[PDB]
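Neighbour counts run over all protein chains shown; Cβ positions are idealised from the backbone, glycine included. We did not get these values from a lab; they are worked out from the coordinates using the rules stated.
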Amino acid sequence: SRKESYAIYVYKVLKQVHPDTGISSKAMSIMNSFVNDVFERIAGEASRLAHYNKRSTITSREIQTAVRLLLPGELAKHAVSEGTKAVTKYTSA
Amino acid sequence: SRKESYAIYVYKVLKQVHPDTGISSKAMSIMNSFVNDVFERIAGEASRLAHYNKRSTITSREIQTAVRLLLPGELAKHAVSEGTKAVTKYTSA
Amino acid sequence: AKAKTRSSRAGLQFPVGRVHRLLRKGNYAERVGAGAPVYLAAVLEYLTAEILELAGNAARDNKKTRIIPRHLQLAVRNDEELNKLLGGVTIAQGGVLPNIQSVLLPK
Amino acid sequence: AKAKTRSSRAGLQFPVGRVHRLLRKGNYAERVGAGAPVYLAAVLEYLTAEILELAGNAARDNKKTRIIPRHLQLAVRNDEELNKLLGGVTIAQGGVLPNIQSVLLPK
Amino acid sequence: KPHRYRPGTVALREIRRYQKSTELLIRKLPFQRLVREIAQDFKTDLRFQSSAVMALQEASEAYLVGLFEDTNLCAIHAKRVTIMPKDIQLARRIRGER
Amino acid sequence: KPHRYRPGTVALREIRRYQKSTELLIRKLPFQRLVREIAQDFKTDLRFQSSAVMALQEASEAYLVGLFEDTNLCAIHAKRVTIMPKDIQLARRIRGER
Amino acid sequence: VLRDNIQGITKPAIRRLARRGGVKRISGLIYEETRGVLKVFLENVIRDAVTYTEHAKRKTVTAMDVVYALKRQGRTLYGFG
Amino acid sequence: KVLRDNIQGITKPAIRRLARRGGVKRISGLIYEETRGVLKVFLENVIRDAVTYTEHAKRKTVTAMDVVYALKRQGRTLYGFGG
Amino acid sequence: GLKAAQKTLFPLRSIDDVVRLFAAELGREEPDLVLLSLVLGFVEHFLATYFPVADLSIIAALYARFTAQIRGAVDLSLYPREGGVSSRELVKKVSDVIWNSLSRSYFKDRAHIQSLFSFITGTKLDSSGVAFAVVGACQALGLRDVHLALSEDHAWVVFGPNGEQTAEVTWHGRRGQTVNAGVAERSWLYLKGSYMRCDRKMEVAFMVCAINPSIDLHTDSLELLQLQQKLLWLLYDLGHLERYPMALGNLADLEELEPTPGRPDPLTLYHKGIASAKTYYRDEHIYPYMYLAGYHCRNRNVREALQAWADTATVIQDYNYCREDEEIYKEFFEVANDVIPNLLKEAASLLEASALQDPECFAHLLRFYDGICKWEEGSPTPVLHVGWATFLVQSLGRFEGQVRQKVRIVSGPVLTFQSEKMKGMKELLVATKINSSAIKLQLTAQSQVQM
DNA sequence: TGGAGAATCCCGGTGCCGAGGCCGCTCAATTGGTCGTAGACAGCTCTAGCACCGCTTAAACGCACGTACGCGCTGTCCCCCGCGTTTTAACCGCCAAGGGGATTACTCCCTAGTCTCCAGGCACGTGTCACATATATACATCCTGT
DNA sequence: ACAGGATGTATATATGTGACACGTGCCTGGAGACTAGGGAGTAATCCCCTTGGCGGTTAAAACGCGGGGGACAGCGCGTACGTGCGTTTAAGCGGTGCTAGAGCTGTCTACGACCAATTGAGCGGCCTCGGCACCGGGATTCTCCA
């Protein structure tokens, strides 16, 4: 029946980055698979971190350390900056 | 605090296969790490098999499939036979 | 009690609610913090924006208005960091990066 | 009623109860079947028995009655299946298989 | 007098042509038959989605292209331009496959 | 009138001795100082368990021995016996580390 | 049944794959070597694909089974699920 | 004090011993620098991940478990130090 | 040669005319295979009451053309002759020419292409048809020392003084290879060397058995059935069919399809076929037992049907399964997963306000599955998977618990298991409540399998 | 083709620090219930996989020929190896100092769970233009005589 | 090096069309407001284990000297690969049909989670006696200079 996807959000991001560029259906599926794969990597690393350290929950800092472990080089620095900015904006109001 | 290990059971299996051969402490640590790593591999593959099929339970069938996926060749054949024999004996009792 | 989406509150485009649900049902931990889905959604949006910005540049370099798998693969392979992240990954229908060894050339 | 371990009921040396507890608390799935710990413990006992029998044979081929990491590595690397299983791992305090290439050796 | 290019230039043009494109370089029916013949030894009377065979073909072409890049590195290392089976075997051994 | 050996044979004797054993081939203190300096580059005032440095040494020696086996294969491939840096680069590029 | 379909991976097809990989001259035995390599890779992937299919109690090998097999082997594939 | 180089402590004889364990007869003179570069790269990666694991757990001491976890992240599982 | 007696026979347009022609051709040491083969093919192909117009001129023209082709392509002076023994190269050249007579577009297993009448007049021929064309051409060449060899499915041509030398001149549904390698693999395609050695009498038997009266997927021709009945009964009166179990099975199938007085009932012919399998072929043929089991399945008597299927499993116990013999696997799969479930379901429905409640029927079913499991063990290719497990669990479910309890598994009837997989079921099943999970886990395990 | 050299193993005695056995003793695995619900099973239904035929034309094939290149051979030299001597920093042992890893106890707050409610993301349907394909023009490039 | 002959391929213009972006119904999952219970933050305490230094031994590293073995370059050749071409073969597209099996809905029943009891097992210390390396003498085995 219903199928969940990241297509609408990928398209929103694309329109806010390249306002005049569309995206094919195969490229949309590739981007969807990329988002799923990265989500799984970060979540699995966060689960492993929360199990090694004797914890039971996944917090913001578990995701931050998972991003720091998985993402290479400057991707990690910029992704950490974006995530912390989002969390501060969320909890501010 | 109590430290969980397979030292007792590794020693019992060794006495089962080699009655008059001892095992060093470092070799015991290696065997304990081996058992932990293989348990983690098999259980994790069973977890992925459960998740893929929208099943919320890990059962003997998923362990058997994970053993077919992970162990290579004759290792898979004999380990599968051993698991079926043990489960058959457990259920019938 | 007007409803404002968590994603809108966080200033993102990716779904905070969906990411939270996936983290919950995904069997990663017994409990999932409140800020964890927001952080993960922000990271995912950043990575998607990065690869799509490079893909849009690659598509424009070929004088085209649509992003196809080839442009995604060019974006991935030409950027060292994204190439390192997507190392073992195959981008289907994406071809290969044009490159010939200097030895195999009449100069 | 009289107590009885599940390990003894299935004829296993390895702890079926401890494996069940680890499967429950490790967050592998929402539920675990009753026979899953028995199957997993049987497989673990089989693998341990195989590698320990090979290590004991290697130690016996060295006139020693105490298994040491060197003998564990000898057993693993001299088995064509355990080598595939333990391919990405390194046994600490274990050497390397004695192997000098034929072309390297002078005739 | 017919015009024939010096050997090794059509090869370069073909290198450019096949690196510029993304077409599946193996024919589809023979590869589908190969996949079925191979799968016919793990379980009798299987069925394949067309997406399954397409996924296998994309993976296999990518694997062989990567393998031939490694093989070409091996061939150049040994002061050659032609790739020989020893180059493929060296690349497979070094990557740990063999 | 001293009696000497061919350069080939003592190398083979060293190979035999260093392959029959399990000893660590790098002296402990210089490696520990190297590890501490490399960590100092990341975070300052960091402390190490002795088991931590021992684990790092085991991993590093195993990695270098595997790399040198691959380099030996590369050098044999180019019809040589001396391992040269180009062999190390070839092994590390084929294995995907570069 | 199906027999000797490995020759369906033709010499021109192997040459096109090599040219995309970027090789100029190809020896005469690279074809047999590549057919063996491809058959090994396909067998390794298909075994895991068939195992995933059996575990789901299906008779049809889905594209998700293939991408799961490739992911298990360490060769993630994007664009099929 | 701040350590200066300490990489030369991976000595030429030690590199020769490692190469001999790999089964190599002759060693070119530039291997002794190429291998030091290789080892520095490997240790930089593994130490980076071990320090991340340590710092996340609000510790100041790098445990052997952090090192074995960092190695397992690299796909280089280590046996005999826990795990 | 073109005998004057064969021309003086003057075959008319009547079934009794065909019977008399066959009888006349079966009075000589070597019947004219191509003559009778072409006549039967022409009648079938033309038909596939307006009896086909038998034209001796067209048959003679086709025979002359075939003889010219075979004589021009294959000449005795081109190869040495060992004083009454044909050489390998001779048969290889005959097969090469017969294959070169064909075209690129294959038959795709199309029906009505099993006779020489289509092969001479076309470029399509199936595997058994190709082998029989080879044999007929060799016989016309005067090389009588060669003979056709019939496995249960795969057909080829043997030769030499005593048939010591073998060559599978035809593919499997590649001209010269030995059969010893195939026998060494214990595959059903070769019957472990128990394949029949066919003479010209057996060639007539093969030609009459190969007739396919199926006009299409839905409609059949009664005249072809009556023809086959008459010809088979005549050849059985000769006694030649006795060694050909498929011939007896087909004759019994025809008899039950339409009764004929004065002749034994179908069950007697089925038993005669299974006995000929029991004596002459070391109890290695399978299709006699499946013929009998299908005959019982047609009727509402499941006891003997399950007994026959268990016997079939005991026959297949010894073999090893490979990719080569897929057909026997598909027949066993059909039997175990579509007809036995339906048969037991109908029997249970009849029981619900007997076929069930009998320990012997359950013992037969268990022995059938035990034979399948024993077949799997040691095979390069796995046989059992979840598709088998679900229906095995269902079929054990159809039986009541107290009914199953009257069964004894040693080493109610007594029954032993020769298979390793069933050594766990020896206590898992035959309990009050069947544990489906354990049964399916035990069955679907890939143990006892080599690769 | 026969003698000196350097490892390398085989066999006997030792006394040692480490594995195996013994002793408490808690604590978590077993027993026995309920109880909810996950999945086992049956029937259904649409879809998409298999099979088949026929035409077209793109691509594989076999063949001849030139020639670029792989490989063997030879010569030079340079630079890596083995060896003897000095030296220097690892290493073993010991002693202190303290800081930070484990542990425990209190509490508070944060997340799971429930319920209500509604709005945003998905399936279905529709305009419409981006790009593929065909042809006409064009243009850098490769091979060969100059 | 340089200029023509011929080249595959770049540049430009156009029709088609089938996929892409957008509108709508809607319903399913996500947002807002209690409730409560346990996970995790916080603080004080112990003491294990990390760092730091001194001091003597001798193992191993550093250095220098032949010197000869192996890397590198040049030459020759002959063979195996690329390049074109006409011929053959089977891929590819396009309908046409069948049906097996994937996906889903409704029962309903057996199985796993929770919970109270508690007892036998597995872990933390603590002897204790044998396995293994060390030492030392004798025998062995392969290897550069005459």
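Compute the FRET efficiency between D:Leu97 and H:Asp5 as 1/(1 + (r/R0)^6), taking r as their Cβ-Cβ distance and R0 = 35 Å, and round to the nearest 0.05. The calculated FRET efficiency here is 0.50. Couplings for the range F:8-22, taken from phi via the Karplus curve 6.51 cos²θ - 1.76 cosθ + 1.60 with θ = phi - 60°, read x, 6, 5, 4, 5, 5, 4, 4, 4, 5, 7, 9, 7, 9, 10 Hz in order; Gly and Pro are left as x.
Expressed as an acute angle from 0 to 90° and rounded to the nearest 10, what is the orientation of the C-alpha long axis of helix G:63-73 relative to the principal long axis of chain G? Relative to chain G, helix G:63-73 is tipped by roughly 70 degrees. The trypsin sites (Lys or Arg not before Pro) of the range E:1-31 that meet both conditions, a loop assignment by DSSP and at most 12 other Cβ atoms within 10 Å of the site Cβ, are E:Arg4. Rg and Dmax of chain I, based on Cα coordinates, read 24.5, 79 Å. Along the range I:372-386 the Karplus relation, 6.51 cos²θ - 1.76 cosθ + 1.60 evaluated at θ = phi - 60°, assigns HN-Hα couplings of 4, 4, 5, 4, 4, 5, x, 8, x, 10, x, 9, 9, 8, 5 Hz to successive residues, with x for each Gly and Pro.
A straight line joining the Cα centroids of the range I:430-451 and the range D:35-70 runs 27 Å. Database remark: amide H of H:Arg26 closer than 5 angstrom to the amide H of F:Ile83 (H placed geometrically; neighbours at sequence offset of 5 or more, or on other chains; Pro and chain starts carry no H). Projecting the alpha carbon convex hull of chain H along each direction and taking the average yields 7.2 nm². Peptide F:8-14 has a mean shielding of 4, counted as Cβ atoms of other protein chains within 10 Å of each residue's Cβ. Counting neighbouring beta carbons within 10 Å and listing from fewest to most, the residues I:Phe206, I:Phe391, I:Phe10 come out as I:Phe10, I:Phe391, I:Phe206. Helix B:60-70 and the longest principal axis of the C-alpha atoms of chain B enclose an angle of approximately 70°. In order along the range I:392-397, phi translates into HN-Hα couplings of 4, 5, 4, 5, 5, x Hz, rounded to whole numbers, per the Karplus curve 6.51 cos²θ - 1.76 cosθ + 1.60 with θ = phi - 60° and x for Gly and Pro. As a proxy for reagent exposure, ranking E:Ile76, E:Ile26 by other Cβ atoms within 10 Å from fewest up yields E:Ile76, E:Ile26. From least to most packed, judged by other beta carbons within 10 angstrom and beginning with the fewest, I:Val134, F:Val10, H:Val51 follow the order F:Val10, H:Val51, I:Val134. For chain C, the equivalent ellipsoid derived from the Cα gyration tensor has semi-axes of 38, 17, 10 Å, listed largest first.
Assuming a ≥ b ≥ c are the square roots of the Cα gyration tensor eigenvalues, decide whether the range H:37-83 counts as rounded (a/c under 1.5), prolate (otherwise, with a/b larger than b/c) or oblate. Oblate shape, in that a/c is at least 1.5 and b/c is the bigger or equal ratio.
Kindly identify the range I:387-449 as rounded, prolate or oblate by the Cα gyration tensor criterion: order the square roots of the eigenvalues as a ≥ b ≥ c, call it rounded if a/c is under 1.5, otherwise compare a/b with b/c, prolate if a/b is larger, else oblate. Oblate shape, in that a/c is at least 1.5 and b/c is the bigger or equal ratio.
Among the trypsin sites (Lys or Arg not before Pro) in the range A:3-93, those located in a DSSP loop and surrounded by at most 16 other Cβ atoms within 10 Å of their own Cβ are A:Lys3, A:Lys54, A:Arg55. Take the Cα of E:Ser21, step 7 Å toward its Cβ, do the same at I:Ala5, and the gap between the two points is 7.0 nm.
Over chain H, DSSP H runs of length four or greater, each weighted -39,500 (n - 2.57), average out per residue to a 222 nm ellipticity of -18500 deg cm²/dmol. The Kirkwood hydrodynamic radius of the range B:7-92, based on inverse pair distances between different Cα atoms, is 14.7 Å.
For the range I:316-363, the gyration tensor built on C-alpha atoms gives an oblate shape. Its axis ratio a/c (a ≥ b ≥ c) is at least 1.5, and a/b is not larger than b/c. For D:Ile67, the residues 5 or more places off, or on other chains, whose built amide H falls under 5 Å of its own are B:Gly22, B:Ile23, B:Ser24. With N counted as the residues of the range I:1-89, its alpha-carbon radius of gyration over 2.2 N^0.38 Å works out to 1.32.
Debye calculation, C-alpha points only, no solvent: report log10 I(q)/I(0) for the protein assembly as shown at q = 0.05, 0.09 Å⁻¹, in the same order as the q values. So the normalised log intensities work out to -0.47, -1.26.
For F:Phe48, nonlocal amide neighbours, meaning residues 5 or more places apart or on other chains whose placed amide H falls under 5 Å from its own, are H:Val62. Between the helical axis of B:74-92 and the longest alpha-carbon principal axis of chain B there is an angle of about 80 degrees. Each peptide in I:19-28, I:164-173 receives the mean, over its residues, of other Cβ atoms within 10 Å, and ordering these scores from highest gives I:164-173, I:19-28.
Only Cα pairs under 8 Å and 6+ residues apart enter the sum, and on that basis the relative contact order of the range F:2-98 stands at 17 percent.
Applying the Kirkwood pairwise sum to the alpha-carbon positions of chain E produces a hydrodynamic radius of 16.3 angstrom.
Based on C-alpha pairs under 8 angstrom that are at least 6 apart in sequence, chain A has a relative contact order of 18 percent. For the pair C:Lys4 and C:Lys64 in one chain, pulling the backbone fully straight at 0.36 nm per residue adds 17.8 nm over the alpha carbon distance.
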